[PDB]
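For reference, the structure discussed in these notes is given below.
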Amino acid sequence: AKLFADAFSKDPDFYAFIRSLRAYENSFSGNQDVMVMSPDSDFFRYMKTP
Amino acid sequence: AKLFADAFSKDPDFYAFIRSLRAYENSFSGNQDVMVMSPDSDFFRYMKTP
Amino acid sequence: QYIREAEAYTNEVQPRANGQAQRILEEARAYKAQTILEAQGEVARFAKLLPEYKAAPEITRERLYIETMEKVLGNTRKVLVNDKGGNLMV
Amino acid sequence: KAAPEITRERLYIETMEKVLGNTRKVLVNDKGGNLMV
């Protein structure tokens, strides 16, 4: 634990970011998980007309 | 009980946090469950635009 | 004949009661020993873990938080739906 | 630390592309309505 702390205390936000983005890959790993979204949401913003 | 009481009375909050996470781990073990979040919750913070 | 076979049963059944009684006592003793030893193990582990948390509080936590949430979302079917919902009569 | 925004954006895109390739999806306008499994 102390080795982890001394290492990762350099930049908290980036560690949180990358660790969450790697947790996501393992979470939703081959399981039925329906997801309702809008074409007006954030990630699909390049489906609009231009 | 005597041993545990002499044990944990150095930081009540930390013992509260731990021994609760292991409770969740050991309780949600069975695949029989279903759970309905909302995308605007906290754990899925890093799923918006940036 | 029936009277003497009943007498045989009377003289035979009782000792096995002493047998099973001693067994249940000894099993209770085993339970006692195991419980106290497990208690010592847990207290020692927490005692060792605490000071390094009292070193760096904020990042000791979020790592633990994420590491437990990974498994808690590991084994449950999940249905992500937006809020402002009205009713769900399955 | 060399260039934050570009690496952050690329990581976001890659990880979400991987995650949306395993979960079933239904894409509907969420202006009003409700449903049950």
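Using only helices, what value at 222 nm comes out for the protein assembly as shown when you add -39,500 (n - 2.57) per DSSP H run of length 4 or more and divide by the total residues, to the nearest 500 deg cm²/dmol?
-18500 deg cm²/dmol
Under 10 °C and 1.306 mPa s, how fast does the range C:43-90 diffuse according to Stokes-Einstein, given a Kirkwood radius computed over C-alpha pairs? Answer in µm²/s, whole number.
This corresponds to a translational diffusion coefficient of 110 µm²/s.
Going by the alpha-carbon gyration tensor, a ≥ b ≥ c the square roots of its eigenvalues, is the range C:1-51 rounded (a/c under 1.5) or, if a/c is not under 1.5, prolate (a/b greater than b/c) versus oblate?
It comes out prolate by the Cα gyration axes.
Are any of the pairs B:48/C:54; A:2/C:84; C:71/D:25 more than 32 Å apart by Cα-Cα distance, and if so, which?
Flagged as over cut-off: B:48/C:54; A:2/C:84.
In bins 5 Å wide, starting from 0, what share of all Cα pairs of the protein assembly as shown does each bin hold, as a percent?
1, 5, 9, 11, 12, 11, 10, 8, 6, 6, 4, 3, 3, 3, 2, 2, 1, 1, 0, 0, 0, 0
List, in order, the whole-Hz ³J(HN,Hα) value for each residue of the range D:7-13 obtained from phi through the Karplus relation with A = 6.51, B = -1.76, C = 1.60 and θ = phi - 60°; use x for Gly and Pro.
These are the phi-based 3J(HN,Hα) values: 5, 4, 5, 4, 4, 3, 4 Hz.
Using a basic spin-label model with each label point 7 Å from the Cα along Cα→Cβ, how many nm lie between residue C:26 and residue C:14?
Simple spin-label model gives 2.3 nm for this pair.
Label position 7 Å from Cα toward Cβ: report the copy-to-copy distances for residue A:48 in nm, one decimal, ordered from shortest.
Result, one decimal in nm: 1.7.
So what are the radius of gyration and Dmax for the Cα set of chain A, in Å?
17.0, 52
Out of all Cα-Cα pairs in chain C, roughly what percent, to the nearest whole number, are more than 22 Å apart?
Roughly 71 percent, once rounded to a whole number.
Looking at chain A, which trypsin sites (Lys or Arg not before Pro) are in a loop (DSSP not H, G, I, E or B) and have at most 15 other Cβ atoms within 10 Å?
Answer by residue number: A:10, A:48.
Could the peptides B:26-33, C:69-76 be put in order, highest first, of the mean number of other beta-carbon atoms found within 10 Å of their residues?
C:69-76, B:26-33
How large is ³J(HN,Hα) for each residue in the range A:10-16, as worked out from phi by the Karplus curve 6.51 cos²θ - 1.76 cosθ + 1.60 (θ = phi - 60°), to whole Hz, x for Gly and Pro?
3J(HN,Hα) across the range A:10-16, in whole Hz: 6, 8, x, 4, 5, 4, 4.
Taking residue B:17 in one copy and the same position in all the others, each labelled 7 Å out along Cα→Cβ, what are the pairwise distances from the first, in nm, shortest first?
2.4
Don't worry about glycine lacking a Cβ; one is built from the backbone with ideal geometry, like all the others, and counts go over all protein chains shown. Quick note: the coordinates plus some simple rules give every number you see, no bench work behind them.
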